[PDB]
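The block underneath contains the structure these notes are about, expressed in structure tokens.
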Amino acid sequence: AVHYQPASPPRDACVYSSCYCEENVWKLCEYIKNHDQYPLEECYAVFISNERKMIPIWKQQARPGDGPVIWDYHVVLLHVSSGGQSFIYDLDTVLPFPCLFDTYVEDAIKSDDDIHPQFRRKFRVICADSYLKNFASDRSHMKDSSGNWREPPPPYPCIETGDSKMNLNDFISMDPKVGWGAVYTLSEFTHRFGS
Numbered sequence: 008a009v010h011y012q013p014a015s016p017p018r019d020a021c022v023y024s025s026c027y028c029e030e031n032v033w034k035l036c037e038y039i040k041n042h043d044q045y046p047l048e049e050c051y052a053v054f055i056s057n058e059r060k061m062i063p064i065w066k067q068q069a070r071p072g073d074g075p076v077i078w079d080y081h082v083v084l085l086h087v088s089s090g091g092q093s094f095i096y097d098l099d100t101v102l103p104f105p106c107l108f109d110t111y112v113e114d115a116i117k118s119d120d121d122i123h124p125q126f127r128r129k130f131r132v133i134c135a136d137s138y139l140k141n142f143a144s145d146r147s148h149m150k151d152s153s154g155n156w157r158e159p160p161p162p163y164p165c166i167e168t169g170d171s172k173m174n175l176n177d178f179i180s181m182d183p184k185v186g187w188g189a190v191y192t193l194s195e196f197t198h199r200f201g202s
């Protein structure tokens, strides 16, 4: 659908802290829930990681022109629009915000075929309503031994729920028996959402 209206504000107006992608995506989900543009049911938080927590992603703001960046995990927002098309909202991409799903997979993710197997990408896809209901982080993974902050934490209170003050590892995990949502290989992920 060629007149797609973004589900979020423009990039420069969105809540963002570098290296807190899980929260940046949570805040996009909250915005969408709080507005009347799109049903929340059309939206997903997507964690990208693997067993070794070393995943390349290209077209990244942290290293433009000379990708990939190797992340422990990265999180983006996926919107499956009614118009025949999914879109990726990744505040850390140099691709457009938002970006057509097929373009994001082609240019940011790329094929796993010739990637060293321990760097191959898996995807945990969580419905946005479930992500808002269930996610919790006390940010403790970003404080080192010293104990200093690896990157400055966001200024608003930690996201917590009645059931947990910290379950980030259950979203980073690509073990299908753990956590919420469904875990997909790159092939299964593109089969589900690709055009």
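Okay, so the sequence shown: first residue is 8 according to the authors' numbering, each after it adds one.
A virtual CB, placed ideally from N, CA and C, is assigned to each residue, including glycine.
Segment limits, alpha helix (DSSP H) that includes residue i
i, result
"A135", "135-141"
"residue 203", "Because the chain in this structure spans residues 8 to 202, residue 203 falls outside the shown range and cannot be described."
"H198", "193-200"
"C21", "From DSSP, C21 is part of no alpha helix (DSSP H); its letter is neither H nor E."
"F94", "Per DSSP, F94 belongs to no alpha helix (DSSP H); it is in the beta strand (DSSP E), 92-96."
"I39", "28-41"
Reduced DSSP secondary structure (H/G/I, E/B, other) of residue i
i, result
"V132", "strand"
"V9", "coil"
"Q125", "helix"
"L175", "coil"
Residue i, buried or exposed, once every other Cβ within 10 Å from all chains shown has been counted against 16
i, result
"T100", "buried"
"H10", "exposed"
"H81", "buried"
"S118", "exposed"
"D151", "exposed"
In DSSP terms, what residue i is bridged to
i, result
"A115", "For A115, which the question treats as bridged, DSSP gives no partner whatsoever."
"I55", "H81, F130"
"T100", "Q67"
"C106", "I95"
"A189", "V132"
6 Å Cβ shell around residue i - same chain, five flanking residues per side excluded
i, result
"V53", "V83, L85, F130, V132"
"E29", "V82"
Extent of the continuous beta strand (DSSP E) run through residue i
i, result
"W78", "76-78"
"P63", "62-64"
Beta-carbon contacts of residue i that lie in its chain and below 7 Å, excluding the five residues immediately before and after
i, result
"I166", "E30, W33, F142, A143, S144"
"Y38", "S15"
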